[PDB]
Amino acid sequence: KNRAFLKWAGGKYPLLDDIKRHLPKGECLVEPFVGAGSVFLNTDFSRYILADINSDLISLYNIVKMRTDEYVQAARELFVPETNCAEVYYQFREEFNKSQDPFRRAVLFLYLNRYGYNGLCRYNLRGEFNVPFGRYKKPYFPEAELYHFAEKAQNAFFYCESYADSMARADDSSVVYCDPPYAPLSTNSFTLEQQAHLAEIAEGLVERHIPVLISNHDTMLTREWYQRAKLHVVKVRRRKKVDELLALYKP
DNA sequence: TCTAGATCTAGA
DNA sequence: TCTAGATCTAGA
Ligand SMILES: Nc1ncnc2c1ncn2[C@@H]1O[C@H](C[C@@H](N)CC[C@H](N)C(=O)O)[C@@H](O)[C@H]1O
């Protein structure tokens, strides 16, 4: 099992067993919500189309892929004992938000992700990263995970676009895995309309003989959205207990 | 999961 | 010129 080099919300590292068994085979894997890319790092497709709405994330991935050794050496400088304090963190955060250089931003982005509070990724409406200091004892520099990512990235294209645009790139030799933001159990958030729209696009792709796999919480709403797919309940219970749902659209 | 402080939006 | 109610900000 390969780990992502980024802390990221909704990481599918724990559920990789259930995903890979229910994920159809193909020449290309399309991830509209790639995030940290746990599935991409733990599968073996000939090529990938990885997309996300986060421009900083996609920019980082392009840098790591194209300028690997240069990035690792630069990013390694920031993972020293002297940088693990609030005053240094907040200046680096400010440097990140004021930087117009993709490389420097990518370098700082990794630091902020590993030194920031709970590994959060949060922006204000000005597009400024505003996650406070994390106060970790010893942040880990994912050098091994970085090189493995860049190695696998050689067969992947990265795009900063919404799910509708990325799924439109899917061909007949493609498989689509969708990991959208979690549906609510009970602004800027991923809306219920978008949750329903995702299933609708999934219905269109399978009608075009393109396999689509979707993962989400197991709720009454998700069962309604994915009612045209074979439903597979994963028990990772985690005051109520929440199961996960794998919705497969097989042609 | 929170919340004090600042800002937004409408009532013509 | 208010400001209730709802967002937004960011951990200071
Ligand atoms: N409309 C959108 N279109 C495409 N991606 C989005 C959209 N909204 C949110 N996202 C991204 O979808 C991702 C959701 C993550 N939970 C995915 C995690 C990913 N599966 C991983 O293993 O790391 C986030 O990175 C979002 O930035």
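Here is the naming used below: chain letters follow the sequence lines, and residue numbers restart at 1 for every chain.
In this model, a donor atom of one side chain and an acceptor atom of the other lie less than 3.5 Å apart for A/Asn130 and A/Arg122. If you check the side chains of A/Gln227 and A/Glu224, you find a donor sitting under 3.5 Å from an acceptor. Side-chain contact check for A/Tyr61 and A/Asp52: no donor-acceptor pair (N or O, by modelled atom type) lies under 3.5 Å.
Inter-residue side-chain proximity for A/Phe129 and A/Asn124 is flagged as unmet; no heavy-atom pair is nearer than 4.5 Å. Proximity of A/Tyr71 to A/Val107: side-chain heavy atoms (C-beta onward) are separated by under 4.5 Å at one or more points.
What separates OH of A/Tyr182 from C1' of B/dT1 is a distance of 17 Å, to the nearest Å.
In this structure, A/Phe141 has its ring center at least 6.0 angstrom away from the ring center of A/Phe5. Aromatic pair A/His197/A/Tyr163: centroids less than 6.0 angstrom apart. A centroid separation of 6.0 Å or more is found between the aromatic rings of A/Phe158 and A/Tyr48.
Listed in residue order, the members of residues 84-97 of chain A having a heavy atom less than 4.0 Å from DNA chain C are A/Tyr90, A/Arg93. For DNA chain C, the neighbouring residues in residues 122-138 of chain A, judged by any heavy atom under 4.0 Å, are A/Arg122, A/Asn124, A/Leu125, A/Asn130, A/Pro132.
C/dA10 has a negative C1'-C2'-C3'-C4' torsion, placing its sugar in the south range. North is the pucker class for the sugar of B/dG11, given a positive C1'-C2'-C3'-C4' value.
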Stepwise, does the side-chain contact (heavy atoms from CB on, under 4.5 Å) test hold for A/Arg105 with A/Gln100? CA-CA 8 Å; A/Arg105 284 180 63 96; A/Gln100 292 190 315; over 6 Å; no
Output the pairing pattern of DNA chain B as a dot-bracket string, 5' first, Watson-Crick or G-U wobble with both distances under 3.5 Å, | for cross-strand pairs, [ ] for crossing pairs. .||||||||||.
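Between the side chain of A/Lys138 and the backbone N or O of A/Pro81, no donor-acceptor pair lies under 3.5 Å.
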